[PDB]
Amino acid sequence: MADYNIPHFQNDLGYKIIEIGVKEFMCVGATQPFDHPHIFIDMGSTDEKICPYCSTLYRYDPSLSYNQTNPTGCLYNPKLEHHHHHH
Ligand SMILES: [Zn+2]
């Protein structure tokens with residue numbers, strides 16, 4: 001990994017069960033009482049991980065891979081905010 005930037009997903013309203021094809025995730029929230037954007041999530045040996053205080057159960061399923069995700073684009077997409085690794 002470079003610059004330590006793991007995938008982020010976006011809750012439009014917040015689906016109770018989200019299917020993701022990545023085992024590294026960092027929950028968004030920005031201004032939260034929790035430390036960091038919201039909470040840090042990893043799968044590893046547990047392909048089933050819900051996010052505390054969200055209801056957005058991130059489920060990893062063999063039928064979907066890193067190039068796929070859940071119904072509706074719940075993936076957070078950076079549009080113009082991109083840095084080309086500035087030294
Ligand atoms: Zn969360």
# chains A, B, ... in the order shown; residues from 1 in each chain; ligands from 1
call {"tool": "residues_around", "arguments": {"residues": "residue A:2", "least_positions_apart": "2", "cutoff": "12 Å", "atoms": "only C-alpha atoms", "output": "number ranges by chain"}}
result
A: 4-6, 84-85
call {"tool": "residues_near_ligand", "arguments": {"ligand": "ligand 1", "cutoff": "10 Å", "atoms": "only C-alpha atoms and all ligand atoms", "output": "MDAnalysis selection string"}}
result
chainID A and resid 9:11 14 26:29 32 34 37:41 50:57
call {"tool": "closest_residue", "arguments": {"among": "A:19, A:8, A:61, A:1", "to": "residue A:76", "atoms": "only C-alpha atoms"}}
result
A:8
call {"tool": "closest_residue", "arguments": {"among": "A:72, A:77, A:65, A:46", "to": "residue A:20", "atoms": "only C-alpha atoms"}}
result
A:65
call {"tool": "closest_residue", "arguments": {"among": "A:35, A:24, A:81, A:12", "to": "residue A:48", "atoms": "only C-alpha atoms"}}
result
A:24
call {"tool": "closest_residue", "arguments": {"among": "A:23, A:86, A:79, A:59", "to": "residue A:44", "atoms": "only C-alpha atoms"}}
result
A:23
call {"tool": "decode", "arguments": {"residues": "stretch 40-87 of chain A", "atoms": "N, CA and C atoms", "output": "PDB file, in the first residue's frame"}}
result
ATOM      1  N   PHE A  40     -12.205   2.090  12.765  1.00  0.00           N
ATOM      2  CA  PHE A  40     -11.367   1.331  11.842  1.00  0.00           C
ATOM      3  C   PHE A  40     -11.860  -0.106  11.738  1.00  0.00           C
ATOM      4  N   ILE A  41     -11.952  -0.614  10.513  1.00  0.00           N
ATOM      5  CA  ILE A  41     -12.482  -1.954  10.288  1.00  0.00           C
ATOM      6  C   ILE A  41     -11.531  -2.798   9.442  1.00  0.00           C
ATOM      7  N   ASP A  42     -11.307  -4.031   9.868  1.00  0.00           N
ATOM      8  CA  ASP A  42     -10.515  -4.975   9.094  1.00  0.00           C
ATOM      9  C   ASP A  42     -11.229  -6.318   9.049  1.00  0.00           C
ATOM     10  N   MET A  43     -11.021  -7.063   7.979  1.00  0.00           N
ATOM     11  CA  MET A  43     -11.611  -8.386   7.859  1.00  0.00           C
ATOM     12  C   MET A  43     -10.619  -9.466   8.260  1.00  0.00           C
ATOM     13  N   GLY A  44      -9.605  -9.678   7.429  1.00  0.00           N
ATOM     14  CA  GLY A  44      -8.621 -10.709   7.704  1.00  0.00           C
ATOM     15  C   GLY A  44      -9.222 -12.099   7.651  1.00  0.00           C
ATOM     16  N   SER A  45      -9.399 -12.709   8.816  1.00  0.00           N
ATOM     17  CA  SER A  45      -9.978 -14.041   8.901  1.00  0.00           C
ATOM     18  C   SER A  45     -11.488 -13.959   9.105  1.00  0.00           C
ATOM     19  N   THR A  46     -11.970 -12.764   9.404  1.00  0.00           N
ATOM     20  CA  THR A  46     -13.394 -12.537   9.568  1.00  0.00           C
ATOM     21  C   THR A  46     -13.940 -11.734   8.396  1.00  0.00           C
ATOM     22  N   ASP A  47     -14.574 -12.423   7.455  1.00  0.00           N
ATOM     23  CA  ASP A  47     -15.100 -11.782   6.252  1.00  0.00           C
ATOM     24  C   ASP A  47     -16.451 -11.139   6.539  1.00  0.00           C
ATOM     25  N   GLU A  48     -16.918 -11.299   7.767  1.00  0.00           N
ATOM     26  CA  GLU A  48     -18.158 -10.685   8.203  1.00  0.00           C
ATOM     27  C   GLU A  48     -17.884  -9.665   9.310  1.00  0.00           C
ATOM     28  N   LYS A  49     -18.031  -8.386   8.986  1.00  0.00           N
ATOM     29  CA  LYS A  49     -17.774  -7.323   9.948  1.00  0.00           C
ATOM     30  C   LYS A  49     -18.784  -6.192   9.810  1.00  0.00           C
ATOM     31  N   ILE A  50     -19.566  -5.968  10.851  1.00  0.00           N
ATOM     32  CA  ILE A  50     -20.475  -4.836  10.880  1.00  0.00           C
ATOM     33  C   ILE A  50     -19.760  -3.640  11.495  1.00  0.00           C
ATOM     34  N   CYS A  51     -20.186  -2.440  11.141  1.00  0.00           N
ATOM     35  CA  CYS A  51     -19.579  -1.248  11.692  1.00  0.00           C
ATOM     36  C   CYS A  51     -20.345  -0.775  12.912  1.00  0.00           C
ATOM     37  N   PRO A  52     -19.659  -0.686  14.061  1.00  0.00           N
ATOM     38  CA  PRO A  52     -20.245  -0.175  15.297  1.00  0.00           C
ATOM     39  C   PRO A  52     -20.887   1.193  15.092  1.00  0.00           C
ATOM     40  N   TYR A  53     -22.141   1.311  15.522  1.00  0.00           N
ATOM     41  CA  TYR A  53     -22.881   2.566  15.456  1.00  0.00           C
ATOM     42  C   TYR A  53     -23.029   3.038  14.012  1.00  0.00           C
ATOM     43  N   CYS A  54     -23.599   2.176  13.178  1.00  0.00           N
ATOM     44  CA  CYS A  54     -23.846   2.494  11.774  1.00  0.00           C
ATOM     45  C   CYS A  54     -24.950   1.616  11.194  1.00  0.00           C
ATOM     46  N   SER A  55     -24.873   0.306  11.459  1.00  0.00           N
ATOM     47  CA  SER A  55     -25.756  -0.669  10.818  1.00  0.00           C
ATOM     48  C   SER A  55     -25.531  -0.641   9.308  1.00  0.00           C
ATOM     49  N   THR A  56     -24.535  -1.400   8.873  1.00  0.00           N
ATOM     50  CA  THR A  56     -23.995  -1.322   7.535  1.00  0.00           C
ATOM     51  C   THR A  56     -23.084  -2.534   7.378  1.00  0.00           C
ATOM     52  N   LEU A  57     -23.617  -3.694   7.774  1.00  0.00           N
ATOM     53  CA  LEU A  57     -22.832  -4.917   7.932  1.00  0.00           C
ATOM     54  C   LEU A  57     -22.049  -5.226   6.669  1.00  0.00           C
ATOM     55  N   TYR A  58     -20.743  -5.016   6.733  1.00  0.00           N
ATOM     56  CA  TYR A  58     -19.882  -5.230   5.590  1.00  0.00           C
ATOM     57  C   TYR A  58     -19.586  -6.709   5.449  1.00  0.00           C
ATOM     58  N   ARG A  59     -20.235  -7.324   4.484  1.00  0.00           N
ATOM     59  CA  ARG A  59     -20.121  -8.750   4.283  1.00  0.00           C
ATOM     60  C   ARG A  59     -19.294  -9.046   3.041  1.00  0.00           C
ATOM     61  N   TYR A  60     -18.297  -9.892   3.207  1.00  0.00           N
ATOM     62  CA  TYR A  60     -17.479 -10.341   2.097  1.00  0.00           C
ATOM     63  C   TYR A  60     -18.020 -11.670   1.586  1.00  0.00           C
ATOM     64  N   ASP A  61     -18.364 -11.729   0.312  1.00  0.00           N
ATOM     65  CA  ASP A  61     -18.914 -12.950  -0.258  1.00  0.00           C
ATOM     66  C   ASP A  61     -18.069 -13.412  -1.434  1.00  0.00           C
ATOM     67  N   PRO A  62     -17.742 -14.712  -1.484  1.00  0.00           N
ATOM     68  CA  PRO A  62     -16.888 -15.291  -2.534  1.00  0.00           C
ATOM     69  C   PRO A  62     -17.360 -14.986  -3.960  1.00  0.00           C
ATOM     70  N   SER A  63     -18.658 -14.745  -4.134  1.00  0.00           N
ATOM     71  CA  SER A  63     -19.202 -14.503  -5.469  1.00  0.00           C
ATOM     72  C   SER A  63     -18.853 -13.100  -5.963  1.00  0.00           C
ATOM     73  N   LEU A  64     -18.461 -12.227  -5.046  1.00  0.00           N
ATOM     74  CA  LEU A  64     -18.056 -10.881  -5.409  1.00  0.00           C
ATOM     75  C   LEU A  64     -16.600 -10.656  -5.013  1.00  0.00           C
ATOM     76  N   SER A  65     -15.886  -9.894  -5.819  1.00  0.00           N
ATOM     77  CA  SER A  65     -14.465  -9.692  -5.604  1.00  0.00           C
ATOM     78  C   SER A  65     -14.138  -8.208  -5.458  1.00  0.00           C
ATOM     79  N   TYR A  66     -12.847  -7.880  -5.488  1.00  0.00           N
ATOM     80  CA  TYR A  66     -12.380  -6.507  -5.277  1.00  0.00           C
ATOM     81  C   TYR A  66     -12.928  -5.561  -6.343  1.00  0.00           C
ATOM     82  N   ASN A  67     -13.306  -6.126  -7.482  1.00  0.00           N
ATOM     83  CA  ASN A  67     -13.814  -5.337  -8.598  1.00  0.00           C
ATOM     84  C   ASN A  67     -15.331  -5.202  -8.540  1.00  0.00           C
ATOM     85  N   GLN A  68     -15.927  -5.668  -7.451  1.00  0.00           N
ATOM     86  CA  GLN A  68     -17.370  -5.580  -7.275  1.00  0.00           C
ATOM     87  C   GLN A  68     -17.725  -5.049  -5.895  1.00  0.00           C
ATOM     88  N   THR A  69     -19.014  -4.861  -5.668  1.00  0.00           N
ATOM     89  CA  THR A  69     -19.509  -4.343  -4.409  1.00  0.00           C
ATOM     90  C   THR A  69     -21.006  -4.659  -4.284  1.00  0.00           C
ATOM     91  N   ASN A  70     -21.751  -3.796  -3.618  1.00  0.00           N
ATOM     92  CA  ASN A  70     -23.146  -4.062  -3.320  1.00  0.00           C
ATOM     93  C   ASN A  70     -24.067  -3.320  -4.289  1.00  0.00           C
ATOM     94  N   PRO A  71     -25.369  -3.666  -4.291  1.00  0.00           N
ATOM     95  CA  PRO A  71     -26.375  -2.956  -5.090  1.00  0.00           C
ATOM     96  C   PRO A  71     -26.408  -1.468  -4.756  1.00  0.00           C
ATOM     97  N   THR A  72     -26.365  -0.633  -5.795  1.00  0.00           N
ATOM     98  CA  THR A  72     -26.248   0.819  -5.647  1.00  0.00           C
ATOM     99  C   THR A  72     -24.810   1.210  -5.290  1.00  0.00           C
ATOM    100  N   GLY A  73     -24.317   2.277  -5.916  1.00  0.00           N
ATOM    101  CA  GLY A  73     -22.948   2.710  -5.700  1.00  0.00           C
ATOM    102  C   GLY A  73     -22.731   3.322  -4.329  1.00  0.00           C
ATOM    103  N   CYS A  74     -22.523   2.472  -3.334  1.00  0.00           N
ATOM    104  CA  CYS A  74     -22.269   2.926  -1.973  1.00  0.00           C
ATOM    105  C   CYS A  74     -20.778   3.133  -1.732  1.00  0.00           C
ATOM    106  N   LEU A  75     -20.005   3.156  -2.805  1.00  0.00           N
ATOM    107  CA  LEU A  75     -18.579   3.415  -2.707  1.00  0.00           C
ATOM    108  C   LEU A  75     -18.316   4.913  -2.766  1.00  0.00           C
ATOM    109  N   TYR A  76     -17.451   5.401  -1.892  1.00  0.00           N
ATOM    110  CA  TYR A  76     -17.143   6.820  -1.860  1.00  0.00           C
ATOM    111  C   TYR A  76     -16.122   7.141  -2.940  1.00  0.00           C
ATOM    112  N   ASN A  77     -16.464   8.085  -3.799  1.00  0.00           N
ATOM    113  CA  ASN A  77     -15.629   8.403  -4.944  1.00  0.00           C
ATOM    114  C   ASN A  77     -15.033   9.806  -4.830  1.00  0.00           C
ATOM    115  N   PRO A  78     -13.695   9.886  -4.731  1.00  0.00           N
ATOM    116  CA  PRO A  78     -12.967  11.153  -4.797  1.00  0.00           C
ATOM    117  C   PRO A  78     -12.981  11.698  -6.220  1.00  0.00           C
ATOM    118  N   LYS A  79     -13.356  12.954  -6.370  1.00  0.00           N
ATOM    119  CA  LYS A  79     -13.625  13.510  -7.688  1.00  0.00           C
ATOM    120  C   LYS A  79     -12.466  14.378  -8.158  1.00  0.00           C
ATOM    121  N   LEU A  80     -12.162  15.413  -7.392  1.00  0.00           N
ATOM    122  CA  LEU A  80     -11.109  16.348  -7.758  1.00  0.00           C
ATOM    123  C   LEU A  80     -10.014  16.377  -6.701  1.00  0.00           C
ATOM    124  N   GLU A  81     -10.347  15.931  -5.498  1.00  0.00           N
ATOM    125  CA  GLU A  81      -9.389  15.907  -4.402  1.00  0.00           C
ATOM    126  C   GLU A  81      -8.405  14.747  -4.562  1.00  0.00           C
ATOM    127  N   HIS A  82      -7.335  15.000  -5.301  1.00  0.00           N
ATOM    128  CA  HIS A  82      -6.296  14.006  -5.525  1.00  0.00           C
ATOM    129  C   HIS A  82      -4.922  14.648  -5.456  1.00  0.00           C
ATOM    130  N   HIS A  83      -4.028  14.043  -4.693  1.00  0.00           N
ATOM    131  CA  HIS A  83      -2.640  14.479  -4.654  1.00  0.00           C
ATOM    132  C   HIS A  83      -1.742  13.414  -5.261  1.00  0.00           C
ATOM    133  N   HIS A  84      -0.814  13.837  -6.107  1.00  0.00           N
ATOM    134  CA  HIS A  84       0.066  12.912  -6.812  1.00  0.00           C
ATOM    135  C   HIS A  84       1.300  12.587  -5.966  1.00  0.00           C
ATOM    136  N   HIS A  85       1.080  12.400  -4.664  1.00  0.00           N
ATOM    137  CA  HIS A  85       2.153  12.112  -3.707  1.00  0.00           C
ATOM    138  C   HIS A  85       3.195  13.229  -3.718  1.00  0.00           C
ATOM    139  N   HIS A  86       2.898  14.314  -3.024  1.00  0.00           N
ATOM    140  CA  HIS A  86       3.796  15.455  -2.999  1.00  0.00           C
ATOM    141  C   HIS A  86       4.881  15.257  -1.951  1.00  0.00           C
ATOM    142  N   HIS A  87       6.124  15.438  -2.363  1.00  0.00           N
ATOM    143  CA  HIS A  87       7.250  15.342  -1.447  1.00  0.00           C
ATOM    144  C   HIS A  87       7.453  16.676  -0.742  1.00  0.00           C
TER     145      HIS A  87
END
